[PDB]
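First, one chain by itself in structure tokens, the form deposited in one PDB entry.
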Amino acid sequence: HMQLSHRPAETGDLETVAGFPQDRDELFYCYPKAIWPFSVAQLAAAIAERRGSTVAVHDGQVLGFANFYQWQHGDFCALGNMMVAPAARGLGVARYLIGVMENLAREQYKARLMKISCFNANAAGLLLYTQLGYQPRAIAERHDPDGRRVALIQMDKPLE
């Protein structure tokens, strides 16, 4: 059923992708420095300062997005802005796209490790990365937009 493809993000994709976060919690999870409501301008500013912004496509629809917010040649990349269209969740889009990003870290950056950080409330995120072989390494305190204390779970995975 799912025949996924990927390509670099394009201008025309930004309206779609900016529609993906459904609430303030989802935006915080994937882009904690953004302010609700999300906007194309905020997404474009992330793209401009990051690397590897990639979309996943199925049946002619952009269904997922990700990029790197850290990249260190020969060392590691950190994967962020991971978001999937709400109508397409639970179908393997993030799994697919994380694979693609792992290959790109290996290929382009000669990375031996992928890092991700997932906020504590985001069970789907934590289970996603656990299923894909990431292990938790540390927990950092952060604050949410209401000033409330949250836990940021830093995970990683060897790439090879």
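The numbering used is simple: start at 1 and walk along the sequence shown.
Enquirer: Do the C-alpha atoms of 104-112 or of 62-70 have the higher average B factor in the entry?
Expert: Looking at the recorded C-alpha B-factors, 104-112 comes out higher on average.
Enquirer: Could you say which of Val55, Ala45, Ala123, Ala94 has its CA atom at the highest B factor, as listed in the PDB entry?
Expert: Of the candidates given, the C-alpha B-factor peaks at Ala45.
Enquirer: Of the three thirds of its chain by CA temperature factor, lowest, middle or highest, which one includes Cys118?
Expert: Tercile = lowest for this residue's CA B-factor.
Enquirer: For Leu79, return the chain-relative third of its C-alpha B-factor as stated in the PDB record: lowest, middle or highest.
Expert: Middle third - that is where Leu79 ends up once the chain's C-alpha B-factors are sorted.
Enquirer: Among all modelled residues of this chain, ranked by Cα B factor, put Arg7 in the bottom, middle or top third, i.e. lowest, middle or highest.
Expert: Within its chain, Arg7 is a middle-third residue by C-alpha B-factor, going by the deposited values.
Enquirer: Ranking the modelled residues of this chain by C-alpha B-factor as given in the entry, is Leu27 in the lowest, middle or highest third?
Expert: According to the entry, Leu27 has a C-alpha B-factor in the chain's lowest third.
Enquirer: Could you say whether, by C-alpha temperature factor, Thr130 belongs to the lowest, middle or highest third of its chain?
Expert: It belongs to the lowest third of the chain when residues are ordered by C-alpha B-factor.
The same protein has a further form, the form solved in complex with a small molecule, not shown here; the description that follows concerns it.
Enquirer: Might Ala56 be said to contact the small molecule in the deposited bound form, defining contact as any heavy atom within 4.5 Å?
Expert: Heavy-atom contact with the small molecule at 4.5 Å: absent for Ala56.
Enquirer: Is there any non-hydrogen atom of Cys30 lying within 4.5 Å of the small molecule in the deposited bound form?
Expert: So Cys30 counts as contacting the small molecule.
Enquirer: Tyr109 near the small molecule in the deposited bound form, any heavy atom under 4.5 Å?
Expert: So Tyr109 does not count as contacting the small molecule.
Enquirer: For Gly12, is any heavy atom within 4.5 Å of the small molecule in the deposited bound form, or not?
Expert: Flag for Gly12 set to yes.
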